[PDB]
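Next up is one chain by itself, shown in C-alpha cells, the form deposited in one PDB entry.
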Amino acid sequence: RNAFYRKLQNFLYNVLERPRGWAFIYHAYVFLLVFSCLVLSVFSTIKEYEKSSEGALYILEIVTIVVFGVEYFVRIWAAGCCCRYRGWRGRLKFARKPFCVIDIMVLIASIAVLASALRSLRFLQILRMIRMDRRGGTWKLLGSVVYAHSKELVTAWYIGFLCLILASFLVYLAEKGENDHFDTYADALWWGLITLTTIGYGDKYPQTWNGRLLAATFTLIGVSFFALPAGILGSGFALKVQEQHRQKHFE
C-alpha cells in the first residue's frame, strides 16, 4: 500500500497539477461546471424565468460547492508529490501559496453563501473563471507578443488616433448646423469612434453631402487603421508558434 500510495500520488498531482494528457478532460469539465453556474446566474436576471432558473441554480450551487470543496481537499493531499513539499511541513505549508489561499477564500465565501447575496455569488463565480490561470500564462503570452511588435503597433495607434480626431472634426464642421446628431464635439467623437471600428450603430450618421464626402475619405483610411492591431497581433501569434514549432522539433 506504499507503491499504490506513491503511484497515485504521482499521477494525481500530474492531473490536478500541471496536466499533460487526459487531465485536460478534467480541467475542461471543471470549467464547464463553473461556467454553467455563471450562466444560470444570468438567467436569474430575467424576472419571467427568475423563479425557474433560481430553482435549478441553488441545486447546481450545491454541486459546485461540493466539487470544489473536494478538489481543495484532494489537491492538498496529492501535493505530497512535491520533492520540496513532503509530509508534515510541505502539506502544512503548500496551502500557503498565494493562489491557493485566495482560492480557499473564494471557496469559503462559496461555503457561507449557501449557509444582496447574489452579487457575492456572481463575483465568486467570476473568480473561479479567473482562477483558471493560477500562473498568468495567458497574460505572459499576450505581453510577450505585444512587446515584440511595439514599433509597428504604436505606428498604428498613432496614425489611427490622428485619423479619428481629424475626421471627427471635419464632419463636425460640415454638419454642425444642418443636423441634430452632431451638436457638440463630443458627439462627433462618438460618431467617429463608432464608425471607424465599423460598429455603426446607426444612431448618428451624416446627412449632408459634405459630411458624406468627408466621412467617405477618412472612413476608407481609418477603418483599415483601426483593424491593424488585430491583424498584427494575429500574424504575431502565428509566426511565433511556427518558430516554437521548429525549435521544439529539435529540442
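Sequential numbering from 1, following the sequence displayed. Between two forms, the rigid core is defined as the largest C-alpha subset superposing within 1.5 Å.
Undergrad: Count, per the entry, the deposited residues between residue 115 and residue 116 that are not modelled, and return the matching class: none, 1 to 3, 4 to 9, or 10 or more.
TA: According to the record, 10 or more deposited residues lack coordinates from residue 115 to residue 116.
Heads up, the form solved in complex with a small molecule isn't pictured, but that's what we're talking about next.
Undergrad: Although the small molecule is absent from this view, report whether residue 91 comes within 4.5 Å of it in the bound PDB entry, heavy atoms only.
TA: No - in the bound PDB entry, heavy atoms of residue 91 and the small molecule never come within 4.5 Å of each other.
Undergrad: Would you classify residue 181 as touching the small molecule in the bound PDB entry, given a 4.5 Å non-hydrogen atom cut-off?
TA: No, residue 181 is distant from the partner.
Undergrad: Heavy atoms within 4.5 Å of the small molecule in the bound PDB entry: does residue 65 have any?
TA: Output for residue 65 is yes: heavy atoms within 4.5 Å of the small molecule.
Undergrad: Indicate whether residue 106 is a 4.5 Å heavy atom neighbour of the small molecule in the bound PDB entry.
TA: Contact with the small molecule, yes.
Undergrad: Let me test this: is every residue among 149, 237 and 240 within 4.5 Å of the small molecule in the bound PDB entry, going by heavy atom positions?
TA: No, the candidate spot makes no contact with the small molecule.
Undergrad: Could you spot which one of 173, 130, 141, 95 gets a heavy atom to within 4.5 Å of the small molecule in the bound PDB entry?
TA: Result of the distance check: 130.
Undergrad: Tell me, out of 82, 118, 102, 166, which residue has a non-hydrogen atom within 4.5 angstroms of the small molecule in the bound PDB entry.
TA: Contact check passes for 102.
Undergrad: Can you tell me which of these residues, 78, 145, 170, 156, is the one whose C-alpha shifts by at least 2 angstroms between the shown form and the other one after a rigid core fit?
TA: The listed residue whose C-alpha shifts by at least 2 Å is 78.
Undergrad: When the rigid core is used for the superposition, does residue 130 move between the shown form and the other one (threshold: C-alpha shift of 2 Å or more)?
TA: It does not, since the residue 130 C-alpha is displaced less than 2 Å between the shown form and the other one after the core fit.
Undergrad: Core-aligned, is the CA shift for residue 91 between the shown form and the other one 2 angstroms or more?
TA: Residue 91 C-alpha, core-superposed: shift of 2 Å or more.
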